[PDB]
Each structure stands twice: as C-alpha cells, then as structure tokens.
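# Secondary and tertiary structure notes
Okay, here's what each chain looks like letter by letter:
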Amino acid sequence: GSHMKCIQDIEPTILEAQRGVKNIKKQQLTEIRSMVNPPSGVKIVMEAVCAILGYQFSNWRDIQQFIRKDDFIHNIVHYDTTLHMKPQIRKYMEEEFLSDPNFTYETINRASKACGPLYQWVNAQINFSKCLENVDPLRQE
C-alpha cells in the first residue's frame, strides 16, 4: 500500500470521470462517431473502455456503432465495480496498448472534449482495482 487511499476516498478521478462521461452530449459523441479517421487517442480510449465493460471490439467502425447510442455513456457510469468478468485484463492492456504515449490526459483530451473524461474513466477503474486487489484475499502482507 504505497498510499493510505482506497476505494473509500480514492482519487476523485473515479467519480469525476463518471460525472464528465455522463456530461457528454450526443453531439459530442456524434462528431466522434462521424470521424472517419480518429486521431491516436480516440480509438485507443474506446478499445480500453470496451474491455472494461467486458465487451470485445477493435474496429473503428465497430466501436462507432456503439458510441452512436445516446446511452453509450450511461452504461459507462453505471459500471459495477464488482463483477464476475476478468479484471485481470488490466495487465493485458498495459502490454503495449497503454504503452502508447497517445494514451495520456493531454493527447486524449486534444482528441475530443468528450474523450477526455474517457481516458480518465478507464484510468479510474485501474486505480480502483489497486485497492480491490490489496483487499482481495491471497498475497497479503
């Protein structure tokens, strides 16, 4: 435990990420889904999001049809911290998907005002898992 912070008061980036996510208007998502060629940041964020939601997708067009829904952000804010999915996918994401320097608060933000809160959201879940893993049985100090 590097920090004395946990899911309790964990960096507000979690709640702040969900608040912004829902604060995204359909127009903000419409332009993103209309973007024929997304800049390094929009696509990457979309891919990571799908993995967290337990969904598999790696096609700009495939994802576009997802964000098109006006409730694409609602499901992102209703995400249940607890689930039977495979949360161990976080490491799989790190590999190179997260290595890319385009996966930052700067590049992502500049990618889309609606995508800015996304990068934070995906980065928020990863932060939570930190405490969840610590409290999780097995491998305890």
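Rules used throughout
Residues carry numbers counted from 1 along their chain as the sequence is written. These may differ from the entry numbering, and residues without coordinates are not shown. Remark: hydrogens and water are excluded; side-chain values derive from all non-hydrogen atoms of the structure. Helix numbers and strand numbers start at the N terminus; a helix is a DSSP run of H or I with at least 4 residues, a strand a run of E with at least 2. Burial status follows relative accessibility: with a 1.4 Å probe on protein chains alone, a residue under 20% of its type maximum counts as buried, one over 50% as exposed, and anything between as partly exposed. Residues are treated as being in contact if the distance between any of their heavy atoms lies within 4.5 Å. The rule for a salt bridge is simple: a side-chain nitrogen of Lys or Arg has to be within 4 Å of a carboxyl oxygen of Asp or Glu. Exposure above 30% relative accessible area and no salt bridge define the residues that can form patches, which grow by joining like charges within 9 Å and nonpolar side chains of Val, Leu, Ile, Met, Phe, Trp and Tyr within 5 Å. Surface accessibility follows the Shrake-Rupley procedure with a 1.4 Å probe radius. Residue values consider only the protein chains on display as shielding.

- Structure determination for this PDB entry is given in the record as solution NMR.

### Focus: the environment of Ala 114
- By the element assignment, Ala 114 lies in the loop between α7 (105-111) and α8 (116-135).
- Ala 114 sits in the buried class, given a relative accessible area of 3%.
- When the C-alpha atoms of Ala 114 and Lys 22 are compared, they prove to be 9.5 Å apart, with 92 residues separating the residues in sequence.
- The contact partners of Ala 114, leaving out residues within four places of it in the chain, are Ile 24, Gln 28, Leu 29 and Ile 32.

### Topic: the pattern of salt bridges
- In this structure the tally under the stated criterion is 1 salt bridge.
- We note a salt bridge from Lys 5 to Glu 11, for which the minimum N-O separation is 2.9 Å.
- You can call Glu 11 partly exposed: its relative accessible area is 39%.

### Here we look at unusual backbone geometry
- Non-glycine residue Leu 138 carries a positive phi angle of around 70 degrees.
- Looking at where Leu 138 falls in the secondary structure, it is placed in the segment after α8.
- The phi angle at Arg 139 is positive, at roughly 65 degrees, despite the residue not being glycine.
- With respect to the helices and strands, the residue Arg 139 is situated in the segment after α8.
- Using a relative accessible area of 78% as the deciding quantity, one classes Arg 139 as exposed.

### Quick word on a nonpolar patch on the surface
- A contiguous nonpolar patch, built from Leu 53, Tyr 55 and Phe 66 and spanning about 240 Å² of accessible area, is present on the exposed surface.
- Looking at the secondary structure, you find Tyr 55 in the loop between α3 (42-52) and α4 (60-67).

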